[PDB]
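Taking it in order: structure first as structure tokens, then the write-up.
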Amino acid sequence: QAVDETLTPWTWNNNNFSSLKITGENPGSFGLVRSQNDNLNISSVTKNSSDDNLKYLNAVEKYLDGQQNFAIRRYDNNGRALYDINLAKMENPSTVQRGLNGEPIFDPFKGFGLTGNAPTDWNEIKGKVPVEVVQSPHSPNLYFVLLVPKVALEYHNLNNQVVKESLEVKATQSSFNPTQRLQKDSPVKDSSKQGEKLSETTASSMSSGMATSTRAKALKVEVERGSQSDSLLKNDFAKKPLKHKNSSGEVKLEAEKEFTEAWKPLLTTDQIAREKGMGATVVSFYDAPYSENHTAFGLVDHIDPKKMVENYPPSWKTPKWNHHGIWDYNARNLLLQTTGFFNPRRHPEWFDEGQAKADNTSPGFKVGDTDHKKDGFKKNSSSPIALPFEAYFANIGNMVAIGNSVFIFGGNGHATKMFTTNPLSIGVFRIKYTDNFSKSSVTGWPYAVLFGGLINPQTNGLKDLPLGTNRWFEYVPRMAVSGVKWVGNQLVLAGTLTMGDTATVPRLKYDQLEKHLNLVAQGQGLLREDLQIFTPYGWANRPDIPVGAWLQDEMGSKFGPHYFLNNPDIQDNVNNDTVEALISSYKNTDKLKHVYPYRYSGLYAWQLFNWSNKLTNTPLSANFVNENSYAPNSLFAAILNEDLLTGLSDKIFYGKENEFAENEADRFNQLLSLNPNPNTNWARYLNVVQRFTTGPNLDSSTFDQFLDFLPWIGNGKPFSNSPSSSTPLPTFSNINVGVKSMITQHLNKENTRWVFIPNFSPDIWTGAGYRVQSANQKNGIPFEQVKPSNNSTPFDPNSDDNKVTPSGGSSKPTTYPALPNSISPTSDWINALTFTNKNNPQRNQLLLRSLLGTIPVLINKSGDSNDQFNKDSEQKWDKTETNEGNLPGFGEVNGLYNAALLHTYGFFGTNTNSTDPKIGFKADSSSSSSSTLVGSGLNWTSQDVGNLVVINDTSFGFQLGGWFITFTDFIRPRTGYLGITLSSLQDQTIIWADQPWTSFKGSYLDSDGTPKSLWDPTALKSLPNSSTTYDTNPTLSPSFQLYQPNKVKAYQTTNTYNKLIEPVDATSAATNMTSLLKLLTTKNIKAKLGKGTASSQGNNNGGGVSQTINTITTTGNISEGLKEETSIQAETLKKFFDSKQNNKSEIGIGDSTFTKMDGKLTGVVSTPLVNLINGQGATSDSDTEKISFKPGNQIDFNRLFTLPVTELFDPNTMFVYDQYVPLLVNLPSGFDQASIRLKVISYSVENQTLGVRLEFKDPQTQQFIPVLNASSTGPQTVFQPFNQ
């Protein structure tokens, strides 16, 4: 039980927690420690055919019991280890001999009363490593230890055959086709159900209608209950004119042949619940640093995923459905995309069957039946959402206790994070305790109900985020945990969570799946990349048009008022006569809703502002929720009500509204609000989030100007590059890009001079990719965006149909005169909210993945000879309207400029490599251009998170990727402050290594006042094999994804982007771009860059400690940067940055200071005086070296009558009065009468024994502390005056 030098301090890569700063009476830390023994034969246990995962992991665990052990080495504020508590090899432990009502009997010296026998389940609990330990400050001297199974500890070393990556590679000795795993065949019209297409209404309802419209007339959509069990009388939604192309058989999503070797968990939710030894556990116990009974135990409690399963909203059981569930279901079928909102196909981590249900059948409702009315009634649901092994293990970590109850807020997933699959914590866990920690109940919640009550007024960051929800909890949050800490007087949760997917919110025209590879893959599930790609040509007029309303104009020459490819160049006016002529007369009742011929349109921004779950000032206000994203693309930091969370009840009951609509008759009249049955407690949990933030408290294009300012660790050069005429342009911010165009000439040309710009001259920068008539006239563009479907002449405005006639016959056109001058991938429009593209999902996701530093690129030419995108004569930045700017306009990630991005990277030029890599994008006009995306070389994944270091009650932070954020102004935001401060990382070898997160070994706050993080360059866990031994074109990595090809039509040399750049059928373009896909692998990327091996030079290994930059309270101030209403905030802060670009320190940008010390760094230990590193640095209270306990020599004793004592202390403050301080402790130095004190701990009237612990005003921290060198035994000492 004594200290064992063999075992060493460490820190697990799920929570990274081995040092709890203990305070109160016995400051120190429950030092978490493991043997530093390497050379562990993982391959010993073989997963044969007969054995299952359960017994295989049992064999692994028992073999490790025979090969490894763990203990918790409690530390003292001095830094002297006392005892370890080895769970495996501790003999005959005991729990506290509590009282009748539950109090623990603890004589300070005789110690906590033992029961002789410890909590049961020794066999299956001694084999669980301690990964975490927490303190309960409400109750006295209570402690927990988080027992996690060790298969997590050795998780990454198990045979890959069982733990299978989601992506399949095999030999694939045929180049590597990123599209050969994507279902690419488009839907087609059926040849047997022609007459069931949605039918145009019989006769328009005049209703005293004075307005007349020459355009096509609306569709009549109604569903009536009638009288039938499994059918109805008329189901207009269930019309399904389209069908899967019969190309080499049906094209459909079905796992049993779309996944030869499918992703699959290890242990199901029920399996882990029933199994005890393989599941986590939290144990209440008690520590006695100065008693012969050093340790005593309380209660042992398991964490049951059955509480997760029972506490999900009923709708979660049927994720393949959704609140819409009928038209959207059919659309997803036909477009070959996500079925539901959280199907396994796009998110298998949480499905206990894994990808085995990566299909469409069995959505909880009747589907596929011939008669359209028949489909829609509920039936068996075989695809529920549960907590499989990986997700459950990600659901453990950073637990904290409040009052009489404890919470486990989830791990971070690295322990079970494989190379591309991203599991994480989905639902919070709660534990309570009854009758003074005598019994407990295990319960857990879904974070969806925790986060349902979100509204923009809460956060000071970016607005309209995809965070809200509706009465159906088809929103699937999941937190990446930085460590919930009791920051000051508020409780803070920080890290990242997965936004509701804002990428696949648009849809694809039925005949446009073979030329939108980018987004079709981004949606189907073969592209786990969560940035958000820009392909505007093929979007629908509304993403939510029922399929039966798609073929009313199949040719598209008439331009399909009900359904047509989105192009707001033609968007109908919102003019009065226009609206009351097109939409009003088609009034919709409860039973019937009118799909209006009106030509809705708009670029991706308007598309999202309509059909994305943007946060509105009222919570529970997200009706259009498409899907939940891939991996955390949202930095997060919120404050969670301690008192409320304590109050909330364990079990959750759901009302009628929680489940889905019984039948489509009811569905047709869905509401966002309904009366919950008062006997249900689910909605109690709603308003728990006080606020939240993801980035600095900035809005609009100014936020992306900040994005421009932030630098890239891969080179350190910021994106702008302006300091030191065909020069690189800013990529994120469009300020000072292109030419200034007038919003006054945009669209209606009316009421715009002082609407979106508070200046006499509304001058804004159209951005890169813009077009204009000519240098003479730039503001606005005449309607030359005319789209001719066939060769039947252009869109034909002013046509009899295209012009409306209100009462009076004054025929007028419904399409606006002058359109905006940018539909670029970086299109920026404050006014044309139907032509802008810089949405807040863009802004936040780019913040996250640019702080990570792994934003993708789009390329034409690799570094190959004769295929080199050289700089001179083919990169003319000043001219970006023509092909000289090399702007693709199709396949690039929305919100940035490809040429500028690649200059920032250094793929061409000296920015990255000594020799120009000769990799870049050309806007070739000779013929069609093939291209794709690739990784950034870096591999800082998104689930990355540090441990939340609480700097003070007003700020905090952690490390994210290679950067160190600090929420400087989140708890107490201040006007004019940027909001956050940043610190970068120095070690290049650490930066570029394969898996740079087998390097961070926990974070803490250094006593000096600035946190740090550990780095172990020798611990870099790269890929298991160098593509075995043969070079595999596809080689996995944290941030490797199937970036599909994008092949585009030829570009017109001049006036390139009048219209959208049409794509060509790129399905079979993979084999012709082998060189381009060679760069899709990070290893090849770094090989080209010249930093593929240790050739980067510099630090040999760089094993040291990195410290974030010191932040003045004014750090991050942009007070002068803002305002200046002479022009817009974006441009004024751009000028501010250009005046302070070379002062990254002031803004909050820097590189963490690094100190090199030799050693096999593995963890840290914490004492309130100072946190020590790796368990070294023994201290002996240097300041108070010359003070010790006075032996019995300086006591009366001798032989006299029973000594009367205890009169010198009172039921008041129990410290001995100042009269008799030095009677027991030697003070040859500290003779001062203003310090040096004592603290009694117990006594006995009839025996006269006195027990005290010294207490003195600590200089460094003005807090009263105990002392160890007082006596060899310890500050606690009995003073018994024997007997006569």
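Ordering of the structure tokens sets the chain letters (A, B, ...); residue numbers start at 1 within each chain; ligands are numbered from 1 in the order shown.
Using only C-alpha atoms, the residues found no farther than 12 Å from residue A:292, other than those of its own chain fewer than 2 positions away, are residues 83, 106, 107, 108, 109, 110, 111, 112, 113, 114, 287, 288, 289, 290, 294, 295, 296, 1273 and 1276 of chain A.
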**OP:** Please identify which residues in stretch 783-1025 of chain A DSSP calls helix (DSSP H, G or I) from the backbone, and express them as number ranges by chain.
**Re:** A: 840-852, 883-885, 898-905, 988-992, 1017-1019
Restricting the output to N, CA and C atoms, write the selected residues as a tab-separated table (two decimals), in the first residue's frame.
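This went into again.tsv:
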chain	number	residue	atom	x	y	z
A	840	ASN	N	-23.78	32.05	-41.13
A	840	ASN	CA	-23.17	31.83	-39.82
A	840	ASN	C	-22.72	30.39	-39.62
A	841	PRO	N	-23.40	29.37	-40.16
A	841	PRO	CA	-22.78	28.03	-40.18
A	841	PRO	C	-21.42	28.02	-40.86
A	842	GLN	N	-21.31	28.60	-42.06
A	842	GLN	CA	-20.00	28.81	-42.67
A	842	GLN	C	-19.05	29.44	-41.67
A	843	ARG	N	-19.47	30.54	-41.05
A	843	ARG	CA	-18.55	31.33	-40.25
A	843	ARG	C	-18.03	30.52	-39.06
A	844	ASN	N	-18.93	29.83	-38.35
A	844	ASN	CA	-18.52	29.09	-37.16
A	844	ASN	C	-17.72	27.84	-37.52
A	845	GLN	N	-18.16	27.08	-38.53
A	845	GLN	CA	-17.42	25.88	-38.90
A	845	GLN	C	-16.03	26.24	-39.40
A	846	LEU	N	-15.91	27.32	-40.17
A	846	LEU	CA	-14.59	27.76	-40.60
A	846	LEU	C	-13.76	28.25	-39.42
A	847	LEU	N	-14.37	28.91	-38.43
A	847	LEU	CA	-13.62	29.24	-37.23
A	847	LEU	C	-13.03	27.98	-36.61
A	848	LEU	N	-13.86	26.96	-36.39
A	848	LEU	CA	-13.38	25.75	-35.74
A	848	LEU	C	-12.26	25.10	-36.53
A	849	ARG	N	-12.49	24.84	-37.82
A	849	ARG	CA	-11.54	24.04	-38.58
A	849	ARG	C	-10.38	24.86	-39.14
A	850	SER	N	-10.42	26.19	-39.03
A	850	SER	CA	-9.24	27.00	-39.29
A	850	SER	C	-8.38	27.16	-38.05
A	851	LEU	N	-9.00	27.21	-36.86
A	851	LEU	CA	-8.23	27.08	-35.64
A	851	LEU	C	-7.54	25.72	-35.59
A	852	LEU	N	-8.25	24.67	-35.99
A	852	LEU	CA	-7.59	23.38	-36.17
A	852	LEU	C	-6.53	23.46	-37.27
A	883	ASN	N	-10.59	34.22	-66.26
A	883	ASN	CA	-9.93	33.01	-65.78
A	883	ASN	C	-8.58	33.28	-65.13
A	884	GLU	N	-8.06	34.50	-65.23
A	884	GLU	CA	-6.76	34.80	-64.65
A	884	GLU	C	-6.76	34.60	-63.14
A	885	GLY	N	-7.89	34.84	-62.48
A	885	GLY	CA	-7.97	34.66	-61.04
A	885	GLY	C	-8.01	33.21	-60.60
A	898	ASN	N	-10.10	30.05	-53.59
A	898	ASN	CA	-9.16	28.93	-53.70
A	898	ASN	C	-7.73	29.41	-53.91
A	899	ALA	N	-7.52	30.33	-54.84
A	899	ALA	CA	-6.15	30.76	-55.14
A	899	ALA	C	-5.49	31.38	-53.92
A	900	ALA	N	-6.22	32.26	-53.23
A	900	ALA	CA	-5.68	32.88	-52.02
A	900	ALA	C	-5.43	31.83	-50.94
A	901	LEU	N	-6.35	30.88	-50.79
A	901	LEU	CA	-6.18	29.83	-49.80
A	901	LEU	C	-4.91	29.02	-50.06
A	902	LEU	N	-4.67	28.67	-51.32
A	902	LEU	CA	-3.49	27.86	-51.63
A	902	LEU	C	-2.21	28.68	-51.54
A	903	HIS	N	-2.26	29.98	-51.84
A	903	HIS	CA	-1.10	30.81	-51.56
A	903	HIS	C	-0.80	30.83	-50.07
A	904	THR	N	-1.85	30.95	-49.25
A	904	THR	CA	-1.66	30.93	-47.80
A	904	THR	C	-1.05	29.61	-47.35
A	905	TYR	N	-1.55	28.49	-47.89
A	905	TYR	CA	-0.96	27.19	-47.59
A	905	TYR	C	0.51	27.14	-47.99
A	988	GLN	N	7.37	21.92	-34.77
A	988	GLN	CA	6.94	21.53	-36.11
A	988	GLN	C	6.74	20.03	-36.22
A	989	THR	N	7.67	19.24	-35.67
A	989	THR	CA	7.53	17.79	-35.72
A	989	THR	C	6.23	17.36	-35.06
A	990	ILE	N	5.85	18.02	-33.97
A	990	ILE	CA	4.55	17.77	-33.36
A	990	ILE	C	3.43	18.22	-34.28
A	991	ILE	N	3.63	19.35	-34.97
A	991	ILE	CA	2.57	19.91	-35.80
A	991	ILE	C	2.19	18.93	-36.90
A	992	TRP	N	3.18	18.43	-37.64
A	992	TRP	CA	2.90	17.67	-38.85
A	992	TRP	C	2.78	16.17	-38.62
A	1017	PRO	N	7.08	14.04	-27.79
A	1017	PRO	CA	7.32	13.71	-29.20
A	1017	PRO	C	7.61	12.24	-29.43
A	1018	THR	N	8.20	11.56	-28.45
A	1018	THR	CA	8.44	10.13	-28.57
A	1018	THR	C	7.16	9.31	-28.49
A	1019	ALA	N	6.04	9.92	-28.11
A	1019	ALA	CA	4.77	9.22	-27.98
A	1019	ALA	C	3.86	9.38	-29.19
Original post:
Which is closest to residue A:916 among A:234, A:477, A:1050, A:869, if we use only C-alpha atoms?
Top reply: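 Checking each candidate against residue A:916, we get A:869 as the closest.
Atom CA of residue A:1211 lies 24.6 Å from atom CA of residue A:1195.
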**OP:** Name all residues at most 12 Å from residue A:1030 (count only C-alpha atoms; drop same-chain ones fewer than 3 positions away) and give them as a list in words.
**Re:** residues 170, 171, 172, 173, 1025, 1026, 1027, 1033, 1034 and 1035 of chain A
Now that the selection is made, can you save its residues with N, CA and C atoms as a PDB file, in the first residue's frame?
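Now in part_21.pdb:
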ATOM      1  N   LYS A 170      -8.875  -2.238 -48.316  1.00  0.00           N
ATOM      2  CA  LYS A 170      -8.394  -3.494 -48.889  1.00  0.00           C
ATOM      3  C   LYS A 170      -7.250  -3.237 -49.863  1.00  0.00           C
ATOM      4  N   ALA A 171      -7.000  -4.181 -50.774  1.00  0.00           N
ATOM      5  CA  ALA A 171      -5.907  -4.012 -51.726  1.00  0.00           C
ATOM      6  C   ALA A 171      -6.122  -2.777 -52.590  1.00  0.00           C
ATOM      7  N   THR A 172      -7.317  -2.640 -53.163  1.00  0.00           N
ATOM      8  CA  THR A 172      -7.678  -1.510 -54.022  1.00  0.00           C
ATOM      9  C   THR A 172      -6.510  -1.096 -54.914  1.00  0.00           C
ATOM     10  N   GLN A 173      -5.893  -2.088 -55.548  1.00  0.00           N
ATOM     11  CA  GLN A 173      -4.763  -1.845 -56.446  1.00  0.00           C
ATOM     12  C   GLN A 173      -5.244  -1.491 -57.851  1.00  0.00           C
ATOM     13  N   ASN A1025       0.752   1.038 -39.766  1.00  0.00           N
ATOM     14  CA  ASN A1025       1.677   0.519 -40.760  1.00  0.00           C
ATOM     15  C   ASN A1025       1.800   1.517 -41.901  1.00  0.00           C
ATOM     16  N   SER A1026       2.966   1.513 -42.548  1.00  0.00           N
ATOM     17  CA  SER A1026       3.241   2.411 -43.668  1.00  0.00           C
ATOM     18  C   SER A1026       2.565   1.884 -44.936  1.00  0.00           C
ATOM     19  N   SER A1027       1.234   1.842 -44.889  1.00  0.00           N
ATOM     20  CA  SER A1027       0.441   1.193 -45.931  1.00  0.00           C
ATOM     21  C   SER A1027       0.834  -0.278 -46.038  1.00  0.00           C
ATOM     22  N   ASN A1033      -2.542   4.158 -52.374  1.00  0.00           N
ATOM     23  CA  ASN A1033      -3.027   5.496 -52.703  1.00  0.00           C
ATOM     24  C   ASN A1033      -3.993   6.024 -51.652  1.00  0.00           C
ATOM     25  N   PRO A1034      -4.995   5.265 -51.198  1.00  0.00           N
ATOM     26  CA  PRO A1034      -5.757   5.681 -50.017  1.00  0.00           C
ATOM     27  C   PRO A1034      -5.100   5.226 -48.723  1.00  0.00           C
ATOM     28  N   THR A1035      -4.631   6.169 -47.910  1.00  0.00           N
ATOM     29  CA  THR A1035      -4.053   5.867 -46.605  1.00  0.00           C
ATOM     30  C   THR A1035      -4.795   6.688 -45.563  1.00  0.00           C
TER      31      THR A1035
END
Original post:
Which residue gives the smallest distance to residue A:516 among A:681, A:793, A:741, A:179, with only C-alpha atoms counted?
Top reply: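 The shortest atom-to-atom distance to residue A:516 comes from A:179.
Closest to residue A:834 among A:339, A:566, A:443, A:798 is A:566, based on only C-alpha atoms.
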**OP:** Determine, counting only C-alpha atoms, which protein, DNA and RNA residues have an atom within 12 Å of an atom of residue A:908; residues of the same chain fewer than 2 positions away are not included. Present the result as an MDAnalysis selection string.
**Re:** chainID A and resid 728 859 861:863 868:872 874:875 899:906 910:921 1088:1089
Restrict the selected residues to N, CA, C and O atoms and save them as a tab-separated table (two decimals), in the first residue's frame.
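Written out: again_8.tsv:
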chain	number	residue	atom	x	y	z
A	728	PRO	N	-1.34	38.23	-53.85
A	728	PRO	CA	-2.34	37.39	-53.17
A	728	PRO	C	-3.40	38.24	-52.48
A	728	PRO	O	-3.08	39.21	-51.79
A	859	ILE	N	-7.82	21.70	-56.20
A	859	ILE	CA	-6.61	21.74	-57.01
A	859	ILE	C	-6.90	21.23	-58.41
A	859	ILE	O	-7.81	20.43	-58.63
A	861	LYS	N	-3.63	20.99	-60.68
A	861	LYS	CA	-2.33	20.46	-61.04
A	861	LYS	C	-1.55	20.10	-59.78
A	861	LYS	O	-1.53	20.87	-58.82
A	862	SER	N	-0.93	18.93	-59.79
A	862	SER	CA	-0.01	18.54	-58.73
A	862	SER	C	1.38	19.09	-59.06
A	862	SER	O	1.56	19.87	-60.00
A	863	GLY	N	2.39	18.67	-58.30
A	863	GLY	CA	3.75	19.11	-58.54
A	863	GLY	C	4.45	18.42	-59.69
A	863	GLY	O	5.62	18.70	-59.94
A	868	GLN	N	2.34	21.36	-63.84
A	868	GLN	CA	2.67	22.26	-62.74
A	868	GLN	C	1.90	23.56	-62.90
A	868	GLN	O	1.97	24.21	-63.95
A	869	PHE	N	1.15	23.94	-61.87
A	869	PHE	CA	0.49	25.24	-61.82
A	869	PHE	C	1.49	26.28	-61.32
A	869	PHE	O	1.45	26.73	-60.18
A	870	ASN	N	2.40	26.66	-62.21
A	870	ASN	CA	3.37	27.69	-61.89
A	870	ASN	C	2.65	29.00	-61.57
A	870	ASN	O	1.46	29.17	-61.83
A	871	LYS	N	3.40	29.94	-60.98
A	871	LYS	CA	2.81	31.20	-60.54
A	871	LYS	C	2.72	32.21	-61.67
A	871	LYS	O	1.63	32.64	-62.05
A	872	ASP	N	3.87	32.60	-62.23
A	872	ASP	CA	3.91	33.69	-63.18
A	872	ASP	C	3.28	33.29	-64.51
A	872	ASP	O	3.45	32.17	-64.99
A	874	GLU	N	0.20	32.79	-65.08
A	874	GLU	CA	-1.07	32.09	-64.91
A	874	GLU	C	-1.74	32.39	-63.58
A	874	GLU	O	-2.79	31.81	-63.29
A	875	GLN	N	-1.17	33.27	-62.75
A	875	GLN	CA	-1.84	33.72	-61.52
A	875	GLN	C	-1.83	35.24	-61.50
A	875	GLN	O	-0.91	35.86	-60.96
A	899	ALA	N	-7.52	30.33	-54.84
A	899	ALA	CA	-6.15	30.76	-55.14
A	899	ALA	C	-5.49	31.38	-53.92
A	899	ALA	O	-4.34	31.07	-53.59
A	900	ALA	N	-6.22	32.26	-53.23
A	900	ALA	CA	-5.68	32.88	-52.02
A	900	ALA	C	-5.43	31.83	-50.94
A	900	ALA	O	-4.42	31.88	-50.23
A	901	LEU	N	-6.35	30.88	-50.79
A	901	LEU	CA	-6.18	29.83	-49.80
A	901	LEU	C	-4.91	29.02	-50.06
A	901	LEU	O	-4.16	28.71	-49.13
A	902	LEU	N	-4.67	28.67	-51.32
A	902	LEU	CA	-3.49	27.86	-51.63
A	902	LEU	C	-2.21	28.68	-51.54
A	902	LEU	O	-1.16	28.13	-51.19
A	903	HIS	N	-2.26	29.98	-51.84
A	903	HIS	CA	-1.10	30.81	-51.56
A	903	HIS	C	-0.80	30.83	-50.07
A	903	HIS	O	0.36	30.73	-49.65
A	904	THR	N	-1.85	30.95	-49.25
A	904	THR	CA	-1.66	30.93	-47.80
A	904	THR	C	-1.05	29.61	-47.35
A	904	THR	O	-0.14	29.59	-46.51
A	905	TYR	N	-1.55	28.49	-47.89
A	905	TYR	CA	-0.96	27.19	-47.59
A	905	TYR	C	0.51	27.14	-47.99
A	905	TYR	O	1.36	26.69	-47.22
A	906	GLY	N	0.82	27.62	-49.19
A	906	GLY	CA	2.14	27.49	-49.76
A	906	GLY	C	2.27	26.42	-50.83
A	906	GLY	O	3.39	26.11	-51.23
A	910	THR	N	7.08	30.11	-51.82
A	910	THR	CA	8.01	29.82	-50.73
A	910	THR	C	7.34	29.83	-49.36
A	910	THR	O	8.04	29.71	-48.35
A	911	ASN	N	6.01	29.97	-49.31
A	911	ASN	CA	5.34	30.05	-48.02
A	911	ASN	C	5.56	28.78	-47.20
A	911	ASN	O	5.78	28.86	-45.99
A	912	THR	N	5.50	27.61	-47.84
A	912	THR	CA	5.62	26.34	-47.15
A	912	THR	C	6.97	25.67	-47.38
A	912	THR	O	7.65	25.30	-46.42
A	913	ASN	N	7.37	25.49	-48.63
A	913	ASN	CA	8.57	24.74	-48.98
A	913	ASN	C	9.59	25.66	-49.64
A	913	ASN	O	9.26	26.71	-50.18
A	914	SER	N	10.86	25.23	-49.58
A	914	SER	CA	11.92	25.99	-50.24
A	914	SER	C	11.67	26.06	-51.74
A	914	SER	O	11.69	27.15	-52.33
A	915	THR	N	11.45	24.91	-52.37
A	915	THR	CA	11.08	24.87	-53.78
A	915	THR	C	9.57	24.94	-53.91
A	915	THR	O	8.84	24.34	-53.12
A	916	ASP	N	9.10	25.69	-54.90
A	916	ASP	CA	7.67	25.84	-55.11
A	916	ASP	C	7.06	24.46	-55.35
A	916	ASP	O	7.48	23.75	-56.27
A	917	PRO	N	6.07	24.04	-54.55
A	917	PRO	CA	5.48	22.71	-54.77
A	917	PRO	C	4.80	22.57	-56.11
A	917	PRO	O	4.57	21.43	-56.56
A	918	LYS	N	4.47	23.67	-56.77
A	918	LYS	CA	3.81	23.64	-58.08
A	918	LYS	C	2.49	22.86	-58.00
A	918	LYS	O	2.22	21.97	-58.80
A	919	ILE	N	1.68	23.21	-57.01
A	919	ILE	CA	0.35	22.65	-56.84
A	919	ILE	C	-0.63	23.80	-56.71
A	919	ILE	O	-0.44	24.69	-55.88
A	920	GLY	N	-1.67	23.79	-57.54
A	920	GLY	CA	-2.64	24.87	-57.52
A	920	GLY	C	-3.74	24.61	-58.53
A	920	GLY	O	-3.75	23.59	-59.23
A	921	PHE	N	-4.66	25.56	-58.60
A	921	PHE	CA	-5.84	25.46	-59.46
A	921	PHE	C	-5.71	26.44	-60.62
A	921	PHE	O	-5.38	27.61	-60.41
A	1088	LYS	N	5.14	15.80	-50.87
A	1088	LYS	CA	5.30	16.88	-51.83
A	1088	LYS	C	5.79	18.15	-51.14
A	1088	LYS	O	6.67	18.84	-51.66
A	1089	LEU	N	5.23	18.47	-49.98
A	1089	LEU	CA	5.57	19.71	-49.29
A	1089	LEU	C	7.03	19.74	-48.85
A	1089	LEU	O	7.56	20.82	-48.57
Subject >> Point-to-point distance from atom CA of residue A:545 to atom CA of residue A:821, Å rounded to tenths >> reply: 28.3 Å
Original post:
Of the candidates A:238, A:1061, A:273, A:1020, which shows the shortest atom-to-atom distance to residue A:306, using only C-alpha atoms?
Top reply: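 Closest to residue A:306 of all the choices is A:273.
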Original post:
Between A:416, A:1010, A:1174, A:663, which one has atoms that come closest to residue A:231, using only C-alpha atoms?
Top reply: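 Answer, going by the shortest atom-to-atom distance: A:663.
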Against stretch 137-153 of chain A, which residues of stretch 388-476 of chain A fall within 8 Å? For each one I want the closest pair of atoms and the distance in Å (one decimal), counting only C-alpha atoms, rows by chain and increasing residue number, as JSON lines.
{"residue": "A:393", "atom": "CA", "partner": "A:152", "partner_atom": "CA", "distance": 7.7}
{"residue": "A:402", "atom": "CA", "partner": "A:138", "partner_atom": "CA", "distance": 7.1}
{"residue": "A:403", "atom": "CA", "partner": "A:138", "partner_atom": "CA", "distance": 5.3}
{"residue": "A:404", "atom": "CA", "partner": "A:139", "partner_atom": "CA", "distance": 7.5}
{"residue": "A:415", "atom": "CA", "partner": "A:152", "partner_atom": "CA", "distance": 5.9}
{"residue": "A:416", "atom": "CA", "partner": "A:152", "partner_atom": "CA", "distance": 6.7}
Kindly export the residues of the current selection with N, CA, C and O atoms, as a PDB file, in the first residue's frame.
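Here's the written file out.pdb:
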ATOM      1  N   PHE A 393     -18.374   4.692 -23.967  1.00  0.00           N
ATOM      2  CA  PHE A 393     -17.065   5.038 -23.426  1.00  0.00           C
ATOM      3  C   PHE A 393     -16.718   6.495 -23.685  1.00  0.00           C
ATOM      4  O   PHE A 393     -16.100   7.144 -22.833  1.00  0.00           O
ATOM      5  N   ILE A 402     -22.118  17.876  -7.413  1.00  0.00           N
ATOM      6  CA  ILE A 402     -22.713  19.062  -6.811  1.00  0.00           C
ATOM      7  C   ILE A 402     -23.704  18.607  -5.753  1.00  0.00           C
ATOM      8  O   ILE A 402     -24.526  17.721  -6.009  1.00  0.00           O
ATOM      9  N   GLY A 403     -23.637  19.215  -4.575  1.00  0.00           N
ATOM     10  CA  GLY A 403     -24.566  18.849  -3.520  1.00  0.00           C
ATOM     11  C   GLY A 403     -24.472  17.371  -3.209  1.00  0.00           C
ATOM     12  O   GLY A 403     -23.385  16.821  -2.999  1.00  0.00           O
ATOM     13  N   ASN A 404     -25.626  16.713  -3.181  1.00  0.00           N
ATOM     14  CA  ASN A 404     -25.714  15.291  -2.881  1.00  0.00           C
ATOM     15  C   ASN A 404     -25.739  14.423  -4.133  1.00  0.00           C
ATOM     16  O   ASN A 404     -25.901  13.204  -4.019  1.00  0.00           O
ATOM     17  N   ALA A 415     -10.263   8.063 -26.735  1.00  0.00           N
ATOM     18  CA  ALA A 415      -9.949   6.706 -26.303  1.00  0.00           C
ATOM     19  C   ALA A 415     -10.450   5.685 -27.312  1.00  0.00           C
ATOM     20  O   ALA A 415      -9.739   4.731 -27.648  1.00  0.00           O
ATOM     21  N   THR A 416     -11.673   5.867 -27.802  1.00  0.00           N
ATOM     22  CA  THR A 416     -12.245   5.001 -28.822  1.00  0.00           C
ATOM     23  C   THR A 416     -12.369   5.694 -30.171  1.00  0.00           C
ATOM     24  O   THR A 416     -13.140   5.239 -31.023  1.00  0.00           O
TER      25      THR A 416
END
**OP:** Please provide the set of residues having any atom within 8 Å of residue A:889, restricted to only C-alpha atoms, with same-chain residues fewer than 6 positions apart removed, written as a PyMOL selection string.
**Re:** chain A and resi 534-535+769+824-825+1060-1061
Subject >> residue A:400 surroundings by only C-alpha atoms, 9 Å radius, close-in-sequence under 3 positions cut, as a ChimeraX atom specification >> reply: /A:134-136,406-409,483-486
